[PDB]
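Commentary on secondary and tertiary structure
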Amino acid sequence: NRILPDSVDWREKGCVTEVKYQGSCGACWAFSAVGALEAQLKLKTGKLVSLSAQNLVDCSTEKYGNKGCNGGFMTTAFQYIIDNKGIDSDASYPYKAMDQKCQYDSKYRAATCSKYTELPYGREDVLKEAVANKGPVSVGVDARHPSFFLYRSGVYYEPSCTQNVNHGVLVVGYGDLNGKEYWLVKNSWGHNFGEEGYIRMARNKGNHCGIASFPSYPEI
């Protein structure tokens, strides 16, 4: 294993915004992407600002292989931000859990993206390195299993989990709790979900739930 901190929690560095509630809109990919960029924005500017998931839903659309409330890709959302030369703040372009016309306006720009990086498939130590050294990382997980919705505490391990990911989330940390290594995952089902919106997911257990399958992070 690479030489790295044994645990990381980007919330401690003030790099993680409040947990969002996607509602009945499959915008997790958008929340996942903005969350990663929010951390980078804080690292660069010193200011923590929620970015507009809705801007991605409405504007990072067919050209990017995305389908708004019917799903999308974090990577292509990043490329949209690059191509578009910005993304608006959440306050300026609030989330409505619906597909809308693109209403991007540069006057409400709160961040940019210059590039993004895809981590190699399934490599949890590479993921750990990126979380330690770069910041929160956008990932997909298999969140199809009934146990996921009912998670309350501890470290989530679901034998039925697969590497077929379907749910974009944000890895904001990692560590060990009571002998179980975990990834600290920010979800977008509001603070009622899991631990105030977070789930600790099993780490170094064979790419559990595909968490390390498709990681990416942007840079400002």
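In its metadata, the entry names X-ray crystallography as the structure determination method and reports 1.55 Å as the resolution.

Further remarks concern unusual backbone geometry. With a phi close to 65 degrees, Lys85 is a non-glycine residue in the positive phi region. Relative to the helices and strands, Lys85 is located in the loop between helix 3 (74-84) and strand 2 (87-88). Positive phi, normally seen in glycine, also occurs at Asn207, with a value near 55 degrees. The topology assignment puts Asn207 in the loop between strand 9 (198-202) and strand 10 (216-219).

With that out of the way, let us pick up the UniProt feature "active site" in the protein. The UniProt feature table records "active site" at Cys28, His167 and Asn187. The named residues occupy 160 residues along the chain; their greatest pairwise C-alpha distance, 9.1 Å, places them in one compact cluster. Take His167: its relative accessible area is 5%, and that puts it in the buried class. If near-sequence neighbours (up to four positions away) are discounted, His167 is found in contact with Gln22, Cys28, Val139, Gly140, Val141, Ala143, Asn187 and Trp189. Topologically, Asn187 is positioned in the loop between strand 8 (180-186) and strand 9. Among the residues examined, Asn187 registers a relative accessible area of 3% and is labelled buried. Within the structure, the side chain of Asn187 is placed 2.6 Å from the side chain of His167, a separation counted as a polar contact.

Within the element layout of this structure, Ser60 appears in the loop between helix 2 (53-59) and helix 3. Among the residues examined, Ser60 registers a relative accessible area of 0% and is labelled buried. At 2.9 Å, the side chain of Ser60 and the side chain of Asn66 are in polar contact. Those residues within four positions of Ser60 in sequence are excluded, and the remaining contacts are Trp29, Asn55, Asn66, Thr76, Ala77 and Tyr80.

Moving on to the state of the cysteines. This model, assessed by the stated rule, comprises three disulfides. Bridging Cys25 to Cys69, the disulfide has an S-S length of 2.1 Å. Here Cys25 and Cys69 share a disulfide; its torsion about the S-S bond, -85 degrees, makes the bridge left-handed. Within this pair, whereas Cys25 is found in the loop between strand 1 (8-9) and helix 1 (28-45), its partner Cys69 is found in the loop between helix 2 and helix 3, the two being separated by 44 residues in sequence.

Cut-offs and rules
- Residues numbered from 1 in each chain as written, not as in the entry; some residues may be left out.
- Heavy atoms only, no water.
- Residues with missing side-chain atoms left out of burial classes, pairs and counts.
- Helix = DSSP H or I, 4+ residues; strand = E, 2+ residues; numbered from the N terminus.
- UniProt positions renumbered as here; feature names shortened; annotations may be inferred.
- Buried < 20%, exposed > 50% of the residue type's maximum accessible area, 1.4 Å probe, protein only.
- Contact = heavy atoms within 4.5 Å.
- Polar contact = N/O pair within 3.5 Å; in protein donor to acceptor, adjacent residues only side chain to side chain.
- Disulfide = S-S within 2.5 Å.

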